[PDB]
Amino acid sequence: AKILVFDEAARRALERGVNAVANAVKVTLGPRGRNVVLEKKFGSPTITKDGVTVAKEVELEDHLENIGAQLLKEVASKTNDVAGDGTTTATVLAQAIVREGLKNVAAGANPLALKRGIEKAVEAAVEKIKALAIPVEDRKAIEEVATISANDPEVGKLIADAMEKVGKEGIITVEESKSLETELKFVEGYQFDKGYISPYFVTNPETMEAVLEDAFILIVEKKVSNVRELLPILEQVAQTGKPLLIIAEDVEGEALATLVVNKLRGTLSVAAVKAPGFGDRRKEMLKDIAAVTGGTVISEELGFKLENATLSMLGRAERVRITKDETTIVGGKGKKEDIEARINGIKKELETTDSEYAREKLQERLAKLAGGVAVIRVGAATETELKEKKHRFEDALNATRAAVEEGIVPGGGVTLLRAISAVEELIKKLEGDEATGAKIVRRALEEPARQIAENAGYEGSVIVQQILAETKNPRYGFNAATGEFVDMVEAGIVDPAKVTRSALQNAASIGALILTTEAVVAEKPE
Amino acid sequence: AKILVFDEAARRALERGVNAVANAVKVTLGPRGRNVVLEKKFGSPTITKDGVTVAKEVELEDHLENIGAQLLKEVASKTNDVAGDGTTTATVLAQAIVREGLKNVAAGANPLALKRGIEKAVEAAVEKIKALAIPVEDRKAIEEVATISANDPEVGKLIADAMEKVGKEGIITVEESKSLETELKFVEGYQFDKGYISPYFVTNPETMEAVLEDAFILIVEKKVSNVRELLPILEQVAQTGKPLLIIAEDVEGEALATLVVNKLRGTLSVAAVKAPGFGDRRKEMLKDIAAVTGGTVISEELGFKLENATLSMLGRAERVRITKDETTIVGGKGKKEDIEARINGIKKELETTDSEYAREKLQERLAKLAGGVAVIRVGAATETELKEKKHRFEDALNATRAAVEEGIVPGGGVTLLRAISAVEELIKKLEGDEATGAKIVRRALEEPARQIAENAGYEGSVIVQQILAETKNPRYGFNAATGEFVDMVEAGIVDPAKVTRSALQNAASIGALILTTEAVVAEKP
Amino acid sequence: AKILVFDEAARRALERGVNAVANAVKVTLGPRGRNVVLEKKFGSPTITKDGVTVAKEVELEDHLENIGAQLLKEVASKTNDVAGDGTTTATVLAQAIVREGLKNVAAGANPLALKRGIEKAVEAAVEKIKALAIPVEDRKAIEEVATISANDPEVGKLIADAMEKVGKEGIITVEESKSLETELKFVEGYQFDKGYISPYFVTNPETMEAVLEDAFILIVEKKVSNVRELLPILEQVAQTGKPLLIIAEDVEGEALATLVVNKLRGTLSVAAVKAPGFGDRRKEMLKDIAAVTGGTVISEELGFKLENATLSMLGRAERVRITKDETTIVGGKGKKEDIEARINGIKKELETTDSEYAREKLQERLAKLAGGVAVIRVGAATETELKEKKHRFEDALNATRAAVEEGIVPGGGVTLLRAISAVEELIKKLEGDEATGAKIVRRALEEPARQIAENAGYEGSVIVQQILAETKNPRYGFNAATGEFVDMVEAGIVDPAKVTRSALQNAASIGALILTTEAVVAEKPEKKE
Ligand SMILES: Nc1ncnc2c1ncn2[C@@H]1O[C@H](COP(=O)(O)OP(=O)(O)O)[C@@H](O)[C@H]1O
Ligand SMILES: [Mg+2]
């Protein structure tokens, strides 16, 4: 029992959703976001100033409107997913683009033409972001960036060192130490891009992660779907009192169902994750895990049933962190020999490799194993003070890492504003509805800056003007925090150019999507 | 299926909740609070005059409005949590601040500016509370304070003595004696800031505590989540007929589930508490416990499984008291040797220590082990009369202890009133909406005093005036109890300056929060 | 049936209404202002840019909110009454004063004091307006005032042209032309809207006119129906060989039949035309006609018999045109002193006339007598366009009038911005809420300048700052039409000091009142929930 909806009817419904999210989220953008209250079904209410936190809690009653909300949240988040920030900024830009877009379409503008224009606009914008970016590759550079985003010259050093040694494609993590001091330690471990097969395996509802400490790592290679072939090992581990991380190529049917039940029951704290990589590439990576873990790849190939698996064929580590997009293994306890075994065998095969693509990938396995897993044990005094430093340091890390990828640009929306000039120049060479699109982007670009100042209790439009007024130094901007105009850079208010380029491109993507939408097939109230 | 709400729509909703609580609560403020009737689903109705009692029972049907009520209750209670009182007073102040705040915001005032001013106002107010605070450090001082908060000159003495000997950073506890007399004894024991992992471990529903007498103290270091590795020791202790206190770094899954079931079942009376401190700091404190208890830290480090734990590796004490925020061990039966062993090894490492922070903390461990554990065995006659004295004396203690940290000020709202002048001076240097905020706080400050007189059946505004009239002695105030103006201090109507400073700062926090609220995402019915 | 609303509840409601109207209006303010579309009961709608016109159409469903809407309308109209222009400006200033003020009331300020301060602040403001006023002294100065008020160069031109060739004491009229084009035309001699009492009088068959060259004017107050009384003069004239125009309350019966027959005969060339006005004014006008032609009025109440009339007491003119409904006496031979004394009798009488209607009647007389009557016939392709184009002319005139009266000041709200420094100085001498009151005006004074710039696509606050910034030459302002800061006066962006002063005084009058509200007694929403 579906329900069809076409043309403006549909686009307007989606927009409604888009606005629901965007309006709740943008009140937090900038140094002085406003408070958003979220109520928990059981616990008492919560108050935030974090866009992502609020975005997660936004779900609308109406199917069609919700579809828009979800659709926005998705594309918006895939910004934080590649730069660890700017998910809220992408939402704001998107709202604007959607609004003006639908307005002009309703006034007779051609959707496709608007799109062609919105795209050309963004290109020009991005190109300005680039030519405006400050590279961060020096030692001092990387440290300073992190030092700021963390607000701790020490953690800055650590983050810098951690990167210095593990490398760009290396592994770095922030762990909640128990000690009251923050230190940097280079343990053994691995990390691949796969996450919990079921959101029920989550340990912490807030962070949406599944944290396992001192657990076994059952490394399978088959599709574990039968309970009978799993109960044996599941039992041995049950009596161990320890948690279990399953890394099969997939866990479905009974298998996955059981794992989830006992997990939510308290019988056994587990978490299933799909095997890293694909094809030949995968078994090779499953071994990399067994090596650093001290377990063995239970492959049906070398003939071996699961039920006959010993509570010793499965390696283990000090801590395992599972995200919906990534699995991390800290404290690998495999034989330092097996590990160096892969590292070398990987280098040998690296000389025999000819395709640049294959090379880069062996490179990452090489950098994961070697260098290992730079860990930043975070010291606190309160469970509270910890969550704080934990978050702060973690972000500072993601920030800095992104910062290195695409340089940095002036923050506080200022970079997006400087992009306007580039869009203006484009418009002068454009005409028709296409030019209108370019104009739409140009208007959008003002929102972030404006919204920040606005949230801070200032006249958005006014500040945005005074900023665009200064043409001398493009780094000239408004620091909504102190309420003064300064050099955003020299004021330590910067953003990973990667984050900005993304938020924009993503927002513009959602916009183009909706303008090009001619129908939506939703589910009728079940 | 959520439900968004923005701008004034939201703020007004929250305010509705804020008022629901506040209006039910404030009718109890002061020496003559009015009666509030609360019905119990099963038992017959209840009547109170206690703000906190009433606040707990306030839950609204509307999600949005309730959100406000809960939000208030939280911030309001985190005053009683740091001073053991003034939760109701913080509520009243908050109601006022929220009202005037929203009013002026609706008239076009800038929220942030109002905040900036509400803040500056509080500062100046607090600063006056301080400069007006009565220090409690004398012998008579500390005794009198406690004597009052306990309503027992004897317990006052004991509390005074207990503090006199164990010291500021020392350990003091109130235990439910079996004797019909109240005494002070200086045993052996420990105490850390961690409570029952599950509210189901509670022994007394009223006091919300978990009291275990002559129990074993299974000191673990791993995350006990498996039943198999716990059943062995759980069984040995089960046949002992004695209770058990588990102090692992955490108890979850099956382990925590089983412990709770048998507890509520009657199979085994236990209670799980998380391990004190964090990190290296923690294992060091887990040993301090084993030392005073006569047990051993079951650490997987020194290689040792839990199932193989003997009913002798776990020390024991005469009584263990568990609160949702604190665990107390009275009657430590560890070898007097193992104890003095930590005391000295702690002093040696204390000379090698250089960071002032690390020092102060070894200081508390040092004061916990040494001085010991001043215990106040509480004598009663009824299980009822006991819970009462228990609570009363315990609060009196916490009150007095806090009273020593930050001095005392005139009660009956009078101190808050004296803060007005400070706010006035501030306003004269302020302008715009910022000045308005300051004015909001200034108006709020009158509520407590006013409300008290009101509840007592007098003209609030009138009394509040006659008080602000006298400029000579700031301790001049109205005693709603006798219906006469007197020296609040010399009249024994004082308040821990810490309590007051908190209630204000907290209320003003809720206020600023709501004014800065632009949206709320609630769950649909 | 009533509902009693107090405190903030009441003020907010009122404010909602105030803003409802004000925001519909402000959309028009300035050169880049746009139009509002007012639905009419039957025909096409009204498409204006005029404050009061829009304001008057606004009617809110909620009683309290509506009361607010009304109070604001009053500000609009009373300003239109006192100056005919600057209604939008007054609305904006009122809105501004109401919000900034209502805020302060919520903050605990005493409204009464706020009022006193507002009042004092306005006085100081007005005084500064006068202080910057420049007297209108030439064709340019006027072309400017008009071009602006109408927001059209062309309109400003014709108004200047006409105004010039009709003197500042003249009279200009706006009429509905028939072609697509607008035309400016002057009325030569004395003329009134009465035509030939009988089509037979016609002289030209191609123009349906009655042209009498060098003729005698017979001015009879009473009617005329009896042939007898006429014959004596008709013979005297007939023998003169000259044409004759007879002006009497009416010419009927055998008396008219005579003139016609003789006319058609060739006996005597004549034409009859009813008296100009009515009541005592056509009596006073006949005399006007008298003084202009030179003849004598056969005043039935001065003691004159038509039968005893003489060529000695007849009016004489160089020419006479009579259309189906209009009469024009060209080249009247009247005595100069008779005219002037006839004129200065109206002047030395206007200075005692109140009802603006009586001042308009006693003005078209003094206009005719000064042969100074211009008329702009506005053309357009559609009724809707025309009705607005027509209106713009009317506003431009009202402006011009006011400009001549109290002077001219720099436009674009610039002049009111300059009033700020005055209120500022005043504040330094004020205390308490009274000082707050003054501050309210201080802020309000920016609204006009802001909204103009705003509706043009600029930052209100920004522009107002740069203006208030350069304090060397008060004539410094922003040209919201070109987007450049300039000397407002030199740029030709000026406003009649009268409208400015009025707008503010009216805005401030209602505004302050509102701030003193503490209760409202309205109708309980009839059958609603
Ligand atoms: N080009 C211009 N630049 C700056 N101000 C202008 C310009 N044209 C008109 N104005 C100003 O706009 C104002 C009011 O315009 P208008 O829309 O006609 O409303 P109102 O009913 O108040 O007269 C005046 O102060 C006038 O001088
Ligand atoms: Mg006008």
# chains A, B, ... in the order shown; residues from 1 in each chain; ligands from 1
call {"tool": "residues_near_ligand", "arguments": {"ligand": "ligand 1", "cutoff": "6 Å", "atoms": "only C-alpha atoms and all ligand atoms", "output": "mmCIF file with C-alpha atoms, in the first residue's frame"}}
result
data_model
loop_
_atom_site.group_PDB
_atom_site.id
_atom_site.type_symbol
_atom_site.label_atom_id
_atom_site.label_comp_id
_atom_site.auth_asym_id
_atom_site.auth_seq_id
_atom_site.Cartn_x
_atom_site.Cartn_y
_atom_site.Cartn_z
ATOM 1 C CA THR C 28 6.067 51.453 -0.703
ATOM 2 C CA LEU C 29 8.483 53.836 0.999
ATOM 3 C CA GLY C 30 11.190 55.446 -1.114
ATOM 4 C CA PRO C 31 12.161 55.462 -4.830
ATOM 5 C CA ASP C 50 0.388 55.593 -1.317
ATOM 6 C CA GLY C 51 0.573 55.049 2.405
ATOM 7 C CA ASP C 85 2.239 63.630 1.452
ATOM 8 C CA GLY C 86 4.596 61.714 3.750
ATOM 9 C CA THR C 87 2.017 59.233 5.020
ATOM 10 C CA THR C 88 4.326 56.227 4.688
ATOM 11 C CA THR C 89 7.080 58.083 6.547
ATOM 12 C CA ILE C 148 10.569 63.450 -5.915
ATOM 13 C CA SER C 149 7.114 63.355 -4.377
ATOM 14 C CA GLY C 411 15.282 64.159 1.606
ATOM 15 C CA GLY C 412 15.880 60.441 1.956
ATOM 16 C CA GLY C 413 15.094 60.798 5.641
ATOM 17 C CA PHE C 478 22.224 58.434 0.446
ATOM 18 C CA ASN C 479 20.595 58.459 -2.992
ATOM 19 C CA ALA C 480 18.637 55.203 -2.723
ATOM 20 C CA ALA C 481 17.983 55.390 -6.466
ATOM 21 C CA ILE C 493 16.447 65.065 -3.342
ATOM 22 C CA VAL C 494 14.429 67.372 -1.167
ATOM 23 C CA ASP C 495 11.274 67.246 0.936
#
call {"tool": "interface_residues", "arguments": {"of": "chain C", "to": "chain A", "cutoff": "7 Å", "atoms": "only C-alpha atoms", "output": "ChimeraX atom specification"}}
result
/C:459,461-462
call {"tool": "write_last_selection", "arguments": {"atoms": "N, CA and C atoms", "output": "compact mmCIF listing (two decimals), in the first residue's frame"}}
result
# COMPACT_ATOMS: atom_id res chain seq x y z
N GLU C 459 21.66 47.94 3.18
CA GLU C 459 21.62 47.73 4.61
C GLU C 459 21.25 48.97 5.37
N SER C 461 20.96 49.84 8.56
CA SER C 461 21.97 50.24 9.52
C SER C 461 23.26 50.76 8.88
N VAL C 462 23.77 50.04 7.88
CA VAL C 462 25.01 50.47 7.26
C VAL C 462 24.93 51.89 6.74
call {"tool": "select_by_dssp", "arguments": {"residues": "segment 162-400 of chain A", "states": "alpha helix (DSSP H)", "output": "VMD selection string"}}
result
chain A and resid 162 to 166 231 to 238 253 to 265 280 to 293 336 to 352 356 to 369 383 to 400
call {"tool": "interface_residues", "arguments": {"of": "chain A", "to": "chain B", "cutoff": "9 Å", "atoms": "only C-alpha atoms", "output": "number ranges by chain"}}
result
A: 20-21, 23-25, 27-28, 33-41, 44-47, 54, 57-62, 66, 177-180, 213, 238-243, 263-269, 379-383, 456-457
call {"tool": "closest_residue", "arguments": {"among": "B:15, B:59, B:431, B:459", "to": "chain C", "atoms": "only C-alpha atoms"}}
result
B:431
call {"tool": "interface_residues", "arguments": {"of": "chain B", "to": "chain C", "cutoff": "8 Å", "atoms": "only C-alpha atoms", "output": "number ranges by chain"}}
result
B: 103-104, 107-109, 436
call {"tool": "residues_around", "arguments": {"residues": "residue 129 of chain C", "least_positions_apart": "4", "cutoff": "8 Å", "atoms": "only C-alpha atoms", "output": "PyMOL selection string"}}
result
chain C and resi 125+133+409+415-416+419+497+500-501
call {"tool": "write_last_selection", "arguments": {"atoms": "C-alpha atoms", "output": "mmCIF file, in the first residue's frame"}}
result
data_model
loop_
_atom_site.group_PDB
_atom_site.id
_atom_site.type_symbol
_atom_site.label_atom_id
_atom_site.label_comp_id
_atom_site.auth_asym_id
_atom_site.auth_seq_id
_atom_site.Cartn_x
_atom_site.Cartn_y
_atom_site.Cartn_z
ATOM 1 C CA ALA C 125 13.749 67.464 16.389
ATOM 2 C CA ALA C 133 14.686 74.533 5.905
ATOM 3 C CA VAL C 409 14.791 70.136 3.594
ATOM 4 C CA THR C 415 16.909 65.594 7.492
ATOM 5 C CA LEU C 416 15.422 63.473 10.325
ATOM 6 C CA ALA C 419 17.658 65.752 14.075
ATOM 7 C CA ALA C 497 9.860 70.640 5.650
ATOM 8 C CA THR C 500 8.605 65.918 7.671
ATOM 9 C CA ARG C 501 7.638 67.921 10.770
#
call {"tool": "residues_around", "arguments": {"residues": "segment 225-235 of chain C", "least_positions_apart": "6", "cutoff": "10 Å", "atoms": "only C-alpha atoms", "output": "list in words"}}
result
residues 218, 244, 250, 251, 252, 253, 254, 255, 256, 257, 258, 259, 262, 267, 268, 270, 305, 306, 307, 308, 309, 310, 311 and 314 of chain C
call {"tool": "atom_distance", "arguments": {"atom1": "atom CA of residue 328 of chain C", "atom2": "atom CA of residue 155 of chain C"}}
result
27.5 Å
call {"tool": "residues_around", "arguments": {"residues": "segment 339-356 of chain C", "least_positions_apart": "3", "cutoff": "10 Å", "atoms": "only C-alpha atoms", "output": "ChimeraX atom specification"}}
result
/C:81,284-285,287-294,334-336,359-363,365-370
call {"tool": "residues_around", "arguments": {"residues": "residue 515 of chain A", "least_positions_apart": "6", "cutoff": "8 Å", "atoms": "only C-alpha atoms", "output": "compact mmCIF listing (two decimals) with C-alpha atoms, in the first residue's frame"}}
result
# COMPACT_ATOMS: atom_id res chain seq x y z
CA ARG A 11 8.82 18.88 -4.01
CA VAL A 98 16.10 24.44 -1.87
CA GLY A 101 15.19 26.90 -6.14
CA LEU A 102 11.59 25.89 -5.65
CA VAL A 105 10.74 26.90 -10.37
CA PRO A 111 14.67 23.12 -13.09
CA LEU A 112 17.45 21.66 -15.19
CA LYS A 115 20.73 23.08 -11.79
call {"tool": "closest_residue", "arguments": {"among": "C:418, C:528, C:168, C:387", "to": "residue 126 of chain C", "atoms": "only C-alpha atoms"}}
result
C:418
call {"tool": "residues_around", "arguments": {"residues": "residue 123 of chain A", "least_positions_apart": "2", "cutoff": "10 Å", "atoms": "only C-alpha atoms", "output": "PyMOL selection string"}}
result
chain A and resi 117-121+125-129+422-423+426+501+504-505
call {"tool": "closest_residue", "arguments": {"among": "C:203, C:327, C:48, C:240", "to": "ligand 2", "atoms": "only C-alpha atoms and all ligand atoms"}}
result
C:48
call {"tool": "closest_residue", "arguments": {"among": "C:281, C:26, C:486, C:223", "to": "ligand 2", "atoms": "only C-alpha atoms and all ligand atoms"}}
result
C:26
call {"tool": "closest_residue", "arguments": {"among": "C:220, C:210, C:90, C:114", "to": "ligand 2", "atoms": "only C-alpha atoms and all ligand atoms"}}
result
C:90
call {"tool": "atom_distance", "arguments": {"atom1": "atom CA of residue 483 of chain C", "atom2": "atom CA of residue 458 of chain C"}}
result
8.6 Å
call {"tool": "atom_distance", "arguments": {"atom1": "atom CA of residue 7 of chain A", "atom2": "atom CA of residue 106 of chain A"}}
result
10.4 Å
